[PDB]
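To begin, one chain is listed below as structure tokens, in the form deposited in one PDB entry.
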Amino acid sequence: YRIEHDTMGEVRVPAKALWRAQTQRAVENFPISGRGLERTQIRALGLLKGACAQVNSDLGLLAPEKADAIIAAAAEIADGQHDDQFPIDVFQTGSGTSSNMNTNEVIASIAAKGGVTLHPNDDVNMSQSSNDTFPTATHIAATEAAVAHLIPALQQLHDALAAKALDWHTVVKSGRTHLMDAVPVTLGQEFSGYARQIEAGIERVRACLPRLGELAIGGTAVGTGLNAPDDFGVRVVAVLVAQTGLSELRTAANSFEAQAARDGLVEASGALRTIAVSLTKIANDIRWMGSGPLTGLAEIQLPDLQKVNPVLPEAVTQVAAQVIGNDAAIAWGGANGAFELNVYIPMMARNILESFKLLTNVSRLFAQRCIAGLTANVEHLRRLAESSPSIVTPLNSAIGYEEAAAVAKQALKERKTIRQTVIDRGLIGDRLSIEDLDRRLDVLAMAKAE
């Protein structure tokens, strides 16, 4: 209910609110989505403000009393004690200056409860600009999401898929190409392909980390580092690596590229989009294999969570669609920078951090509550394998290339199986027993598993 005073008039701020006038003005300016920064973004901004205060204190630019108060207040924010103190819309000034100032004001208020006076700009924002802070917090959050959350979740899914690839190594079935009956495969072979797709997904995330982990901090307003110490960036990054354990964080290769563009987020989103494409194929194959039971393929049974509807495959395919959409928004913002600043950072941050979160959470649920509990309908799968087309090649050593070719042509002409065409042509004899025919054409042998 309390009032504050701003160099354009009077500002009313809620009573239990640690934010001040600049934040309140941003609240009134951007009532667009009704959604603010996520826990991960707030955490990153607190981590960054603590590291900046630490470096400003080490360089003798900030009195140690003020630094200690900023560091303690920032630690509270990084630990999630103030997630309710960040009310600014995602759809704000495109630098993220509004959220940067929100962090400065909340730290100033937390410090005042402890008896220390901080200026949000001159103290909490010392050596920083309105323009190198929010992109840095974005890349911290995205790198933490990749390394600490997504990669382990994808590994859990990979390991679940790989476990089925081994458990079903000899569970023969019919191949399907173009949705049509094809030569035999095993259910384990198919799952070995799903596992490879997730393993390649982890490789793709790893491959983007050298650029995703680049931080703009130290570049200040335009990338030149004016009004910051020359080594501010390298010193702040070392504090962040030590606090977070994220060795993937690093100073930008080029301080102009790191502020004029967000290409690292565009690159990372392409890795997440590829994983969404992989997850769509895996999830679609799994719900088709589970389909029916009478009208479908009925190859496997999915665990029942809610005739079991494939509710986790539907959650996975819906997440994949969202990641594809978010990826388009990210590329659109990425392309539209101008001169020294890309001003799409809040929108790009929301979208990539959501894509990380959705893929992390759905991959773990898919792994644990769908893949791990799948059961194969082994006898049904063998009946499908025993209904696949056969080939004459494995008879060559027995009947010769010429008789084999005549078997092939007559089977095609009369729409008969290879097996029955061999019987009908009277080839069961010294060259070939019925047991020899059955060994040579065995559907597990045709799958070339063992």
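Throughout, we count residues from 1 along the sequence that is shown. Definition used throughout: the rigid core is the maximal C-alpha set that superposes within 1.5 Å between two forms.
Trainee: Can you check if, in at least a third of the other PDB entries compared, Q85 has no modelled coordinates?
Mentor: Comparison shows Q85 kept in all of the other entries.
Trainee: When the other PDB entries of this protein are compared, is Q306 left blank in at least a third of them?
Mentor: Counting only entries that model residues on both sides, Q306 is unresolved in at least a third of them.
Trainee: If you count the residues of the deposited sequence that sit between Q306 and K307 but have no coordinates, do you get none, 1 to 3, 4 to 9, or 10 or more?
Mentor: Unmodelled stretch: 4 to 9 residues.
Trainee: Which wins on mean Cα temperature factor, 349 to 357 or 107 to 115?
Mentor: In the deposited entry, the stretch with the higher C-alpha B-factor mean is 107 to 115.
Trainee: Averaging only over Cα atoms, indicate whether 369 to 377 or 271 to 279 has the higher B-factor in the PDB entry.
Mentor: The stretch with the larger average C-alpha B-factor is 369 to 377.
Trainee: Going by the deposited entry, which of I42, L384, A51, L62 has the highest CA temperature factor?
Mentor: Each of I42, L384, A51, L62 was compared by C-alpha B-factor; the highest is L62.
Trainee: If you compare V55, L47, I32, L395, which has the highest Cα B-factor in the entry?
Mentor: When the deposited C-alpha B-factors of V55, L47, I32, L395 are compared, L395 is largest.
Trainee: Pull the Cα B-factor of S247 out of the PDB entry and bin it into the chain's lowest, middle or highest third.
Mentor: Ranked within chain, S247 CA B lands in the middle tercile.
Trainee: Classify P210 as lowest, middle or highest third according to the C-alpha B-factor given in the PDB entry, relative to its own chain.
Mentor: For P210, whose C-alpha B-factor we compare with every modelled residue in the chain, the answer is the middle third.
Trainee: Lowest, middle or highest third: which one holds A137 when the chain's residues are ordered by CA B-factor from the entry?
Mentor: According to the entry, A137 has a C-alpha B-factor in the chain's lowest third.
Trainee: Pull the Cα B-factor of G218 out of the PDB entry and bin it into the chain's lowest, middle or highest third.
Mentor: It belongs to the middle third of the chain when residues are ordered by C-alpha B-factor.
Trainee: Going by what the PDB entry lists, where does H82 fall on CA B-factor within its chain: lowest, middle or highest third?
Mentor: According to the entry, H82 has a C-alpha B-factor in the chain's highest third.
Same protein, other form: the form deposited in another entry, not shown, and the subject of what follows.
Trainee: Is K409 one of the residues whose C-alpha moves 2 Å or more between the shown form and the other one after the core fit?
Mentor: Yes, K409 moves 2 Å or more.
Trainee: Note yes or no: does the Cα of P64 move by 2 Å or more between the shown form and the other one after the core is superposed?
Mentor: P64 C-alpha, core-superposed: shift of less than 2 Å.
Trainee: When the two forms are laid on each other by their rigid core, does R425 show a Cα shift of 2 Å or more between the shown form and the other one?
Mentor: Comparing the forms between the shown form and the other one, which are aligned on their rigid core, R425 does shift its C-alpha by 2 Å or more.
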